[PDB]
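Here's the structure we're looking at; comments come further down.
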Amino acid sequence: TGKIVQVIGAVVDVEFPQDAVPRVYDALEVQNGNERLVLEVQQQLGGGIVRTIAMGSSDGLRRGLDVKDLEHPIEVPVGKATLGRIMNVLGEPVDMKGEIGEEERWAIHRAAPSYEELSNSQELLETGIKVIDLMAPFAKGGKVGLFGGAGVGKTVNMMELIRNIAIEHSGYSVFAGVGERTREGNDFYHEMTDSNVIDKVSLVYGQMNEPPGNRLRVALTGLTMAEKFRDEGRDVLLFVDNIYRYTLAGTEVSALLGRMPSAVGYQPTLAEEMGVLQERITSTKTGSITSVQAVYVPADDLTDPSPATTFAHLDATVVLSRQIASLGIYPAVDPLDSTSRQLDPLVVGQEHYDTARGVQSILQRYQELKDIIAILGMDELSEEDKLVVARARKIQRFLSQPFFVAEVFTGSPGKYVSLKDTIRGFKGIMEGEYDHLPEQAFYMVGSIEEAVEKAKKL
Amino acid sequence: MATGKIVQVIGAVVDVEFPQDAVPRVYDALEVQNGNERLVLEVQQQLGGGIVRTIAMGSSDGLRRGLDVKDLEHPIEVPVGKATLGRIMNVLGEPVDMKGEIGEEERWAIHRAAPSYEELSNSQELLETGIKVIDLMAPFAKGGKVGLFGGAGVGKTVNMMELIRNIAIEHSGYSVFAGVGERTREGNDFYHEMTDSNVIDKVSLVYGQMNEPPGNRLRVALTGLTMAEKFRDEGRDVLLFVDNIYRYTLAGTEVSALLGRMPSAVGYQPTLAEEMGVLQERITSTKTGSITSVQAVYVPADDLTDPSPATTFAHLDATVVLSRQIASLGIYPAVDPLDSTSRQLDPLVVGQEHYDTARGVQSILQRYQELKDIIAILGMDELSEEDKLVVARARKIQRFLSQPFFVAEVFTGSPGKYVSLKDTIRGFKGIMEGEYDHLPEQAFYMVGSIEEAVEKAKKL
Amino acid sequence: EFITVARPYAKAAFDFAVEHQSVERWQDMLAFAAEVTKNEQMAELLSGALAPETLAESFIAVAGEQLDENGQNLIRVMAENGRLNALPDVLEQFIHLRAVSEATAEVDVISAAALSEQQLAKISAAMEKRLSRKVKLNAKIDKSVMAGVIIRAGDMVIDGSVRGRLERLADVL
Amino acid sequence: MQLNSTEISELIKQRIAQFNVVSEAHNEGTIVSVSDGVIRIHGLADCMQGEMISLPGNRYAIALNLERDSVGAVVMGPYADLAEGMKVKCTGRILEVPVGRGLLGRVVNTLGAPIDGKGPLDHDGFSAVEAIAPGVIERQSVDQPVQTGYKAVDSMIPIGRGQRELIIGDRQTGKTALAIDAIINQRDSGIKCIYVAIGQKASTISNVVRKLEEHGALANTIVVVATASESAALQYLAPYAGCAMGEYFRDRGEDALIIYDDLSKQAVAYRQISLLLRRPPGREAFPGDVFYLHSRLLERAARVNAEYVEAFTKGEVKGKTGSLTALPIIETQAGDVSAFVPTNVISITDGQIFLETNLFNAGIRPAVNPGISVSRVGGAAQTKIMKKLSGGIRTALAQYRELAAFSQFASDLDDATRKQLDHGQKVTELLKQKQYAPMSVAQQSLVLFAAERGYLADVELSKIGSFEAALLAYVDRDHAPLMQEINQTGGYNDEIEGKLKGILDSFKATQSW
Amino acid sequence: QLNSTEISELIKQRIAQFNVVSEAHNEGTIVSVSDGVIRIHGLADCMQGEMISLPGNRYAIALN
Amino acid sequence: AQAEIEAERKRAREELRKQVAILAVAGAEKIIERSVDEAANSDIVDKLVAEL
Amino acid sequence: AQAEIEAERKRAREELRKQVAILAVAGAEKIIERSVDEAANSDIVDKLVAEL
Ligand SMILES: Nc1ncnc2c1ncn2[C@@H]1O[C@H](COP(=O)(O)OP(=O)(O)OP(=O)(O)O)[C@@H](O)[C@H]1O
Ligand SMILES: Nc1ncnc2c1ncn2[C@@H]1O[C@H](COP(=O)(O)OP(=O)(O)O)[C@@H](O)[C@H]1O
Ligand SMILES: Nc1ncnc2c1ncn2[C@@H]1O[C@H](COP(=O)(O)OP(=O)(O)O)[C@@H](O)[C@H]1O
Ligand SMILES: [Mg+2]
Ligand SMILES: [Mg+2]
């Protein structure tokens, strides 16, 4: 009952009778050759025209085709039936099994929970990772974000967190792959299915090959599946593989939607697009969502508008850096930029808090000397400041750890380090009780015991 | 018969409207009577409705609206061939010197396609310039591009004149000098420095200088190149000098801004790499002949990352940088052996003996460069005896890179020398293999071959 | 070029002319308006920046072949939007919408030489089947084409000419 | 003899016989504008986005925009001779490229037109240039190895069939060399190869073709070329043509390898095409979708499971798995590994080989910089023997290279750091290798054996070269069977370890090098 | 050359009578909706900063 | 050397086929313009209208 | 071998001069199904035979 009138890249304009124009976010349908193409309207231009985004390949569309108005928004399968299966942005099953026997379908556009319904939790969550749970401990039901450039470890860290908390966790889990490699999605699907945990994970995948609209709405499609388990009374884990692609897909489409560019070419509505998503991924009195989000920062510029506007939406922020990863120090967390809302004397105890702050102080004091060391050499440093440097370097190395998911790279077996066991090692290194041991005794060891043991072999 | 009419005039951009079926094709030339003299317009774009947008190859002041425009059915065409040697011409191939008409018989369009894939030479030769420093440390490929990054007061013009002389005499090739966007004073004194050394009859000059509208500075390089191509088709080996490729980039930036196109990397036109490529991809060695090119390059803001140098260096094969220092010591030519580079220096192309001789002298000089600082601070006799020998050989090599030009006789008085490559390799292997340690460093200075250094030491 | 800005006005004028069964009067009124735009003096006036409601009135003055309300009103609206120069195209799209509504087409026939007027009859009869429209023919003669015929129906062409066959064979090889 | 005039005449005769004379109805439009290679066509009520529009001459144009009243298109060739008013014909074809195994050994334009003089193509139909890569369920984990000729990358940075491995570095550091040395090495391993050159000089391409012919590899490679002089619409569309030619092998259960000569110049040509359409630019003036440009390209280099190969080929091929391996090359200014486009492609591929200029100027070639180059498929793609001997060798060299930074002045612990330094130094002196000298997995393996089981402390930095030359000649002379065995299998066992130790002591003692 | 909310049926109304009824100075009609901005046709007596009341219980601020 | 011998064989074969191909169509054109008349025009027009 | 290929080329060209006149007629008759006589074309076919 409508005609196409323009096809610019990924956006399509459709003309309808004045009295039947669809509403915003309703879904239309066309026939692109043999296939059926779903459009989602973004704007109601004047005169019955409506401007839409194609959820599929836009090639092959002529003008004047006839499009049908489906009178409901995009709706996805939801609930228990969607568990252990892979789905499109449109909720269609993408593994070669049959239909999803869903009893209910939910619109992917929803309002965030009211302020009255929110809930706050001080219950610490423990992970096997030294640096994360010393510098930036995070709590059940809270948001976590791994900030880093390209190729620094923010996917390997997310797979390690999945390993350490997701298998030892009762409730279900949801994994949304937003604009990342299909290879990694296949690898993760098969690793899960081979350990029989797949029947606890729901997967959504709008990987990098797909046109902008799929990457644009796949994140919402995942949040809906998560919100369902939350409202059912359960507690959920939500892993988003790269939330930067959700805004990159908005930037790709913005100019075609006829909107004046902004700070660095970004859409004028960047902060609202980002908030309208991250405000509904929260825990509430009727259930809790625990979420880990990888956040790519373009060109390693931590001040680009997209990371800068994301920082405000996370409780614990872990900032990876290339200058550390280039030292072979994995994980490459930058201890002088990672933080957590949960690092307070009240929440984590005076001993943990004090050790974390001492480590920060030492590493910063070492940063301040790095230029005088560069120009004048290390022999000009006062004897007090040469001890600071050696302890700083020992601490730099002791934050490294082997991961079970990185055996494929280094061959060394992974390690799981309890919190009680790491604050002790750092208290020791700082207080000086290990101040007679070569630095390389600390590279890639689990606990301080293993370091004093490795020193025997040099 | 004229058919168009000027409809807009804005700076150097003029719009003319033709009948709907007679719209000129892009790059076609048009002409108008700008008062008492004709003016040539080059088409840049076709807007809808029979309107076409052009750039004036001349000062556009005095242009009314509605003037009749005659549509030449061909691009700008220039005279080519032997007839243009020793003349001076502007972008439109008009004799700009006052010695009258050019007596050519054939005229070529300046817009052309690069040689197809299967016209290119299925070999890789070298060009024997005849200068020791270049032939050793920065050999030229026949049909390649050579950047010349020297500054001022170092002899760029006399190096160019020596290359012109040698490539006319010791080969049978001519030369073309395109004066893209540089001072008029240097053009006039270059014309004279060449007329009084008898090389003017061996070079064809085309000048579009800083005092010209943007279109002239843009297309002058194509004029020079399309004369060099005519010389190539005769089977010759030709040499093409560009006075500054950076100004050929900047004229295109000005024009692109005039046309209103969106800016790109750091202020440049969006078509920077294609404008540079369609030029640099026409000077290649064809199965019939070859055009070699020596191009002066200016790096903005001392940045080798700026889009213009970064785009140019994609095409340069060799690179010779002139140094004020090496001149101050008195060594002429003033090439810097440590900064001059060439991607022809590989055993697989130049051979193992030439490659390792060049690498030898390079290592010798780059050690001497710091033994001399150790001397400057601690005094001479602090050195080791091995190092004193290194210094004593480095000084000799450094002296032997001088040469007397046929063009420099008017300064040195000594007769100019043309040194074949074999002789330079022999001389430097000898000086580096410990031969000739028995004669003084001033026996090598400004000599020529080593077989003349021995004779100069004989009489010293 | 006003191909796009003329569409709303042509559509509105045609929908109005239908409600009142005056399509022929509207078409002639528009054909007169589009000629008032081409006069040498009026084209000067339309360019200089006059206030829309005085430009519209001086335009209405030069036309007494426009019916009192509805032509004058169309001119006033286009003048308010500053689009009086679009009339020559409003006319073309009005003629097009009319041809579509009355189910008519006008197909060109290009030949090496005039046809037999039985050939023309068969061509019209065949096209009136290819297209639901009653089709006019306006045969034209070109001699670059040398045998066969070209049938052009809007933006649809049937390259029956032998010249087409030659150019289409040369590029097979 | 073989210039059979009767053969030419029969060819043309078959063509004239295999003709179609019946007329056909097509849709027409008119060019309204021409500027900087972009065209504006009025009409074509029935054009579809992505279509091929046919222009006067035999050139083509691609439809990018279907505006309300006009079609925007870019000319795939020289546009200067087009003029307003010319008619254009809408072919019912989305952008398509000849594909087949008959293209092997040809040099081809981005539109599939052969630019070498050797006449028309033999090809198995046409493939769409723009396609969506296989889904997540259709992939399979990369298992098999792809052997280059170089100890450095085959040991530290393995490449598996189906991987995508960025070769990144500065200008004149050996990228093209490292890539065509991987192309030459597949001469006998059954992996068809494709080499696409975007924005390169014509002289360089002619030279590279002459080398591919000099080593016999050309009969196994397709060359897709868009030189620096060609339109920005051929440069931008070339790598998609090359990937469409490689997917032909991928989808039939075979193996292929494709090299994009500069995906930095593809980005520049796309930036040109985008700015000429007045599209708001982003960082470094690149468009918004400069990531999607490389994403939808490199995501096609995939490995597919046997069910995808069956379903695609209508069941003609059972049990096999196809793969397309990609080696994109990127150029970075001043070694700046943190610009925009370099970082995008590092974020799209499965690893990077980072060629550093300080090493290249120091005579270390291939100048692989350990510590910045990784292979995210890790050892799964190595042969068993290589995976064993190599181990953490790369992080070992990274440690050695950083230690050299501080030990430059002075060091303590100065016997263990001393032996560490000597070992690492001899290893770097052993990893450098000459151009065009590939060495089988057997030779790399036994040389790494000699490297790791001591056996090299005594021989000097001056002799490493000689040690290797002798070692390999000796083993070629005597233990030809053991080489024939290690080359046929992953070949690791305590039996083979003992055989290697025996050869090592034999050569070490009785041979004098 | 681009349109300014000159659309078919509004133009047709103006053809019907140029001097349209002025009673509705207090109300108007939404013609566009996007990203949280709406264009309203009419409202001849709207004042800058005024509050405009939409269907339901919602308001908008007239800025342009 | 053998490789280039074979490639030049291929290239000369193609070079010759090209000339044969272009001259075939130029001859066909001249023959047609030399041989068409009312009968052939009427035949072509009738045969295309019969399938129009 | 190249100087052998040149002789091969002349040898085959002189033969293909006979085939141009066949292919031109075959094409002309394929494009217009009205058969054509050699007689009236015997002259213009000769220019093709000559110029190859
Ligand atoms: N392993 C090696 N040993 C010695 N020389 C080498 C080696 N690899 C490359 N080279 C030399 O480096 C030179 C340039 O290398 P190459 O052209 O492959 O780099 P590139 O990055 O492709 O250059 P460009 O970026 O200009 O294309 C070559 O001429 C070659 O001689
Ligand atoms: N714990 C670790 N041990 C070894 N390598 C690691 C570790 N963590 C990360 N890496 C390295 O990080 C590199 C980048 O991988 P990845 O995390 O997928 O990049 P991205 O940040 O884009 O996801 C890998 O190739 C791997 O070698
Ligand atoms: N081969 C040479 N022999 C003697 N003198 C030279 C030689 N080359 C350059 N010079 C001197 O160097 C000076 C630089 O002059 P000039 O070439 O005009 O400057 P520039 O090259 O910067 O234009 C000249 O005055 C000339 O005397
Ligand atoms: Mg990742
Ligand atoms: Mg290269």
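Identifiers for the structure tokens are assigned positionally: chains receive A, B, ... in sequence, residues are indexed from 1 per chain, and ligands are indexed from 1 in the order shown.
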
Least-squares fit on all C-alpha atoms, paired in order: put chain G onto chain F and return it as a tab-separated table (two decimals) with N, CA, C and O atoms, in the first residue's frame.
```tsv
chain	number	residue	atom	x	y	z
G	1	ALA	N	54.88	-19.59	-23.78
G	1	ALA	CA	54.42	-18.72	-24.85
G	1	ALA	C	53.07	-19.17	-25.41
G	1	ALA	O	52.27	-18.33	-25.81
G	2	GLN	N	52.80	-20.48	-25.42
G	2	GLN	CA	51.50	-20.95	-25.89
G	2	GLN	C	50.36	-20.43	-25.02
G	2	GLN	O	49.33	-19.96	-25.52
G	3	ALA	N	50.53	-20.53	-23.70
G	3	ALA	CA	49.52	-20.03	-22.78
G	3	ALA	C	49.41	-18.52	-22.85
G	3	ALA	O	48.38	-17.97	-22.46
G	4	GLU	N	50.44	-17.84	-23.36
G	4	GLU	CA	50.27	-16.43	-23.68
G	4	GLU	C	49.45	-16.23	-24.95
G	4	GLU	O	48.60	-15.33	-25.03
G	5	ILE	N	49.68	-17.08	-25.96
G	5	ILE	CA	48.96	-16.95	-27.22
G	5	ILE	C	47.47	-17.15	-27.01
G	5	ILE	O	46.66	-16.52	-27.69
G	6	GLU	N	47.08	-18.03	-26.09
G	6	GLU	CA	45.65	-18.25	-25.87
G	6	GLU	C	44.96	-16.98	-25.40
G	6	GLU	O	43.86	-16.63	-25.88
G	7	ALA	N	45.59	-16.26	-24.48
G	7	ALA	CA	45.01	-15.01	-24.00
G	7	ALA	C	44.97	-14.00	-25.12
G	7	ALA	O	43.97	-13.28	-25.28
G	8	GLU	N	46.04	-13.92	-25.91
G	8	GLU	CA	46.01	-13.06	-27.08
G	8	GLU	C	44.81	-13.38	-27.97
G	8	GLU	O	44.15	-12.47	-28.50
G	9	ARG	N	44.52	-14.67	-28.14
G	9	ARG	CA	43.44	-15.06	-29.04
G	9	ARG	C	42.10	-14.58	-28.53
G	9	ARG	O	41.30	-14.03	-29.29
G	10	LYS	N	41.81	-14.80	-27.24
G	10	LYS	CA	40.54	-14.30	-26.72
G	10	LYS	C	40.47	-12.78	-26.85
G	10	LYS	O	39.44	-12.22	-27.26
G	11	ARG	N	41.56	-12.11	-26.48
G	11	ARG	CA	41.62	-10.66	-26.55
G	11	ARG	C	41.25	-10.15	-27.94
G	11	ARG	O	40.47	-9.20	-28.08
G	12	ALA	N	41.79	-10.78	-28.99
G	12	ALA	CA	41.50	-10.32	-30.35
G	12	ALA	C	40.13	-10.75	-30.82
G	12	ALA	O	39.48	-10.04	-31.61
G	13	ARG	N	39.67	-11.94	-30.41
G	13	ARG	CA	38.35	-12.40	-30.82
G	13	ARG	C	37.27	-11.44	-30.36
G	13	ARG	O	36.34	-11.12	-31.12
G	14	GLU	N	37.37	-10.97	-29.12
G	14	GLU	CA	36.34	-10.06	-28.63
G	14	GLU	C	36.29	-8.78	-29.46
G	14	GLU	O	35.23	-8.16	-29.58
G	15	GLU	N	37.42	-8.38	-30.03
G	15	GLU	CA	37.42	-7.22	-30.92
G	15	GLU	C	36.81	-7.57	-32.27
G	15	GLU	O	36.01	-6.80	-32.81
G	16	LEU	N	37.19	-8.71	-32.83
G	16	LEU	CA	36.71	-9.09	-34.15
G	16	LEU	C	35.20	-9.30	-34.17
G	16	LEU	O	34.59	-9.30	-35.25
G	17	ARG	N	34.60	-9.53	-33.00
G	17	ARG	CA	33.14	-9.55	-32.95
G	17	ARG	C	32.55	-8.24	-33.45
G	17	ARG	O	31.44	-8.22	-33.99
G	18	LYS	N	33.28	-7.12	-33.30
G	18	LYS	CA	32.80	-5.85	-33.84
G	18	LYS	C	33.01	-5.73	-35.34
G	18	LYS	O	32.29	-4.98	-35.99
G	19	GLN	N	33.97	-6.46	-35.90
G	19	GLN	CA	34.30	-6.32	-37.31
G	19	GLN	C	33.49	-7.25	-38.19
G	19	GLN	O	33.34	-6.98	-39.39
G	20	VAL	N	33.00	-8.36	-37.64
G	20	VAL	CA	32.15	-9.24	-38.44
G	20	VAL	C	30.96	-8.47	-39.00
G	20	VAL	O	30.60	-8.61	-40.17
G	21	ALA	N	30.31	-7.66	-38.16
G	21	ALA	CA	29.13	-6.93	-38.58
G	21	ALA	C	29.44	-5.84	-39.58
G	21	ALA	O	28.54	-5.43	-40.32
G	22	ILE	N	30.68	-5.36	-39.63
G	22	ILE	CA	31.07	-4.42	-40.66
G	22	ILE	C	31.29	-5.14	-41.98
G	22	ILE	O	30.79	-4.73	-43.03
G	23	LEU	N	32.06	-6.23	-41.93
G	23	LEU	CA	32.40	-6.93	-43.16
G	23	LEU	C	31.18	-7.55	-43.82
G	23	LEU	O	31.10	-7.59	-45.05
G	24	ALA	N	30.21	-8.01	-43.03
G	24	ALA	CA	29.02	-8.59	-43.63
G	24	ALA	C	28.27	-7.55	-44.45
G	24	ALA	O	27.84	-7.82	-45.58
G	25	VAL	N	28.13	-6.34	-43.91
G	25	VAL	CA	27.44	-5.28	-44.64
G	25	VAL	C	28.24	-4.88	-45.87
G	25	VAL	O	27.68	-4.66	-46.95
G	26	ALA	N	29.56	-4.77	-45.72
G	26	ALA	CA	30.37	-4.39	-46.87
G	26	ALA	C	30.24	-5.40	-47.99
G	26	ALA	O	30.12	-5.03	-49.16
G	27	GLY	N	30.21	-6.69	-47.65
G	27	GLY	CA	30.05	-7.71	-48.67
G	27	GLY	C	28.68	-7.66	-49.31
G	27	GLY	O	28.55	-7.73	-50.54
G	28	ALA	N	27.63	-7.55	-48.49
G	28	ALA	CA	26.29	-7.49	-49.05
G	28	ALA	C	26.14	-6.32	-50.01
G	28	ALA	O	25.50	-6.45	-51.06
G	29	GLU	N	26.72	-5.17	-49.67
G	29	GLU	CA	26.62	-4.03	-50.57
G	29	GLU	C	27.54	-4.17	-51.78
G	29	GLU	O	27.24	-3.59	-52.83
G	30	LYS	N	28.63	-4.91	-51.66
G	30	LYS	CA	29.50	-5.12	-52.81
G	30	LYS	C	28.85	-6.06	-53.82
G	30	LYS	O	29.01	-5.88	-55.04
G	31	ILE	N	28.13	-7.06	-53.34
G	31	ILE	CA	27.52	-8.04	-54.22
G	31	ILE	C	26.26	-7.48	-54.88
G	31	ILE	O	26.00	-7.76	-56.06
G	32	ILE	N	25.47	-6.69	-54.16
G	32	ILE	CA	24.35	-5.95	-54.74
G	32	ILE	C	24.61	-4.48	-54.47
G	32	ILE	O	24.68	-4.06	-53.31
G	33	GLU	N	24.74	-3.70	-55.53
G	33	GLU	CA	25.12	-2.30	-55.40
G	33	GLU	C	24.01	-1.45	-54.79
G	33	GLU	O	24.26	-0.29	-54.44
G	34	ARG	N	22.81	-2.00	-54.66
G	34	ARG	CA	21.76	-1.34	-53.89
G	34	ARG	C	22.19	-1.26	-52.44
G	34	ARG	O	22.33	-2.29	-51.76
G	35	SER	N	22.40	-0.04	-51.95
G	35	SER	CA	22.77	0.12	-50.55
G	35	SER	C	21.70	-0.48	-49.65
G	35	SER	O	20.53	-0.59	-50.01
G	36	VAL	N	22.12	-0.88	-48.46
G	36	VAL	CA	21.23	-1.51	-47.49
G	36	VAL	C	21.29	-0.73	-46.19
G	36	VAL	O	22.31	-0.11	-45.86
G	37	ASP	N	20.17	-0.73	-45.48
G	37	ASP	CA	20.09	-0.04	-44.20
G	37	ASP	C	20.52	-0.96	-43.07
G	37	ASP	O	20.24	-2.16	-43.09
G	38	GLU	N	21.18	-0.39	-42.07
G	38	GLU	CA	21.51	-1.15	-40.88
G	38	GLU	C	20.26	-1.50	-40.08
G	38	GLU	O	20.16	-2.59	-39.50
G	39	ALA	N	19.29	-0.58	-40.03
G	39	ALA	CA	18.11	-0.75	-39.20
G	39	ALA	C	17.54	-2.15	-39.32
G	39	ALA	O	17.58	-2.94	-38.37
G	40	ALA	N	17.03	-2.50	-40.51
G	40	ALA	CA	16.32	-3.77	-40.64
G	40	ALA	C	17.24	-4.96	-40.39
G	40	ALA	O	16.74	-6.07	-40.17
G	41	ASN	N	18.55	-4.75	-40.41
G	41	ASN	CA	19.51	-5.83	-40.23
G	41	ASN	C	20.09	-5.85	-38.82
G	41	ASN	O	20.82	-6.78	-38.48
G	42	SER	N	19.76	-4.84	-38.01
G	42	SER	CA	20.37	-4.72	-36.69
G	42	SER	C	20.19	-5.98	-35.87
G	42	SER	O	21.01	-6.26	-34.98
G	43	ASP	N	19.15	-6.75	-36.14
G	43	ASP	CA	18.90	-7.94	-35.34
G	43	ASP	C	19.80	-9.09	-35.78
G	43	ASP	O	20.51	-9.67	-34.96
G	44	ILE	N	19.79	-9.41	-37.07
G	44	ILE	CA	20.52	-10.58	-37.53
G	44	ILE	C	22.02	-10.34	-37.47
G	44	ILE	O	22.80	-11.29	-37.33
G	45	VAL	N	22.46	-9.08	-37.57
G	45	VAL	CA	23.88	-8.80	-37.37
G	45	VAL	C	24.29	-9.18	-35.96
G	45	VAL	O	25.46	-9.52	-35.70
G	46	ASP	N	23.34	-9.15	-35.02
G	46	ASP	CA	23.67	-9.40	-33.63
G	46	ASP	C	24.00	-10.87	-33.40
G	46	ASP	O	24.86	-11.18	-32.56
G	47	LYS	N	23.36	-11.78	-34.13
G	47	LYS	CA	23.71	-13.19	-33.98
G	47	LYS	C	25.15	-13.44	-34.38
G	47	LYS	O	25.85	-14.24	-33.75
G	48	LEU	N	25.62	-12.73	-35.41
G	48	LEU	CA	27.01	-12.86	-35.83
G	48	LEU	C	27.93	-12.28	-34.77
G	48	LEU	O	28.92	-12.91	-34.37
G	49	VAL	N	27.63	-11.06	-34.31
G	49	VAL	CA	28.43	-10.48	-33.23
G	49	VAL	C	28.50	-11.45	-32.06
G	49	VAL	O	29.51	-11.52	-31.35
G	50	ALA	N	27.43	-12.21	-31.83
G	50	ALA	CA	27.37	-13.07	-30.65
G	50	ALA	C	28.15	-14.36	-30.84
G	50	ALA	O	28.82	-14.83	-29.91
G	51	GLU	N	28.09	-14.96	-32.03
G	51	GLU	CA	28.58	-16.32	-32.21
G	51	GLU	C	30.07	-16.39	-32.53
G	51	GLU	O	30.61	-17.50	-32.59
G	52	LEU	N	30.74	-15.27	-32.75
G	52	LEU	CA	32.18	-15.29	-32.92
G	52	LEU	C	32.87	-15.28	-31.55
G	52	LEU	O	32.64	-14.41	-30.72
```

Practice problem: Considering only C-alpha atoms, extract the chain D residues located within 8 Å of chain C and return them as a PyMOL selection string. | Solution: chain D and resi 12+15+19+21+23-29+43-45+68-69

With N, CA, C and O atoms retained, could you export that selection as a short mmCIF file (atom, residue, chain, number, x, y, z; two decimals), in the first residue's frame?
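The resulting selection.cif:
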```cif
data_model
loop_
_atom_site.label_atom_id
_atom_site.label_comp_id
_atom_site.auth_asym_id
_atom_site.auth_seq_id
_atom_site.Cartn_x
_atom_site.Cartn_y
_atom_site.Cartn_z
N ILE D 12 35.52 -17.56 -34.97
CA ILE D 12 34.60 -16.49 -35.34
C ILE D 12 33.32 -17.08 -35.92
O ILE D 12 32.22 -16.56 -35.68
N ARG D 15 31.07 -18.16 -33.26
CA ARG D 15 30.45 -16.97 -32.67
C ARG D 15 29.28 -16.48 -33.51
O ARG D 15 28.18 -16.26 -32.99
N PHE D 19 24.73 -16.73 -32.10
CA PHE D 19 24.25 -15.37 -31.97
C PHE D 19 22.75 -15.36 -31.72
O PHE D 19 22.06 -16.37 -31.90
N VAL D 21 19.63 -12.78 -32.88
CA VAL D 21 19.26 -11.62 -33.67
C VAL D 21 17.94 -11.00 -33.22
O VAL D 21 17.68 -9.83 -33.54
N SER D 23 15.29 -8.93 -31.46
CA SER D 23 15.43 -7.70 -30.70
C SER D 23 14.98 -7.91 -29.26
O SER D 23 14.27 -8.86 -28.93
N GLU D 24 15.41 -7.01 -28.39
CA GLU D 24 15.05 -7.07 -26.99
C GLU D 24 14.76 -5.67 -26.46
O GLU D 24 15.41 -4.70 -26.84
N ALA D 25 13.77 -5.59 -25.58
CA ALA D 25 13.34 -4.33 -25.01
C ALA D 25 14.16 -4.02 -23.77
O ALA D 25 14.34 -4.89 -22.91
N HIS D 26 14.67 -2.80 -23.70
CA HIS D 26 15.50 -2.35 -22.59
C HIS D 26 15.06 -0.96 -22.20
O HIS D 26 14.29 -0.31 -22.90
N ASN D 27 15.57 -0.48 -21.06
CA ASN D 27 15.17 0.80 -20.51
C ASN D 27 16.30 1.81 -20.66
O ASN D 27 17.48 1.46 -20.52
N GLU D 28 15.94 3.06 -20.92
CA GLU D 28 16.88 4.08 -21.36
C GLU D 28 16.79 5.31 -20.48
O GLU D 28 15.76 5.57 -19.85
N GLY D 29 17.88 6.07 -20.43
CA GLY D 29 17.93 7.32 -19.71
C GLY D 29 18.91 8.25 -20.39
O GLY D 29 19.51 7.90 -21.41
N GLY D 43 15.82 9.74 -15.83
CA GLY D 43 15.13 8.63 -16.46
C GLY D 43 15.40 7.34 -15.71
O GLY D 43 15.47 7.35 -14.48
N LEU D 44 15.56 6.23 -16.43
CA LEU D 44 15.82 4.94 -15.81
C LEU D 44 14.83 4.66 -14.69
O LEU D 44 15.20 4.36 -13.56
N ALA D 45 13.54 4.76 -15.02
CA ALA D 45 12.53 4.49 -14.01
C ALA D 45 12.68 3.10 -13.41
O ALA D 45 12.16 2.85 -12.32
N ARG D 68 14.84 10.79 -6.03
CA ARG D 68 13.45 10.83 -6.47
C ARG D 68 13.37 11.00 -7.98
O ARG D 68 12.53 10.38 -8.64
N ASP D 69 14.24 11.83 -8.55
CA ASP D 69 14.15 12.20 -9.95
C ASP D 69 15.43 11.95 -10.74
O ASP D 69 15.51 12.36 -11.90
#
```

Practice problem: Please report, as a count of residues only, each residue of chain E to which DSSP assigns helix (DSSP H, G or I) when run on this structure's backbone. | Solution: 9
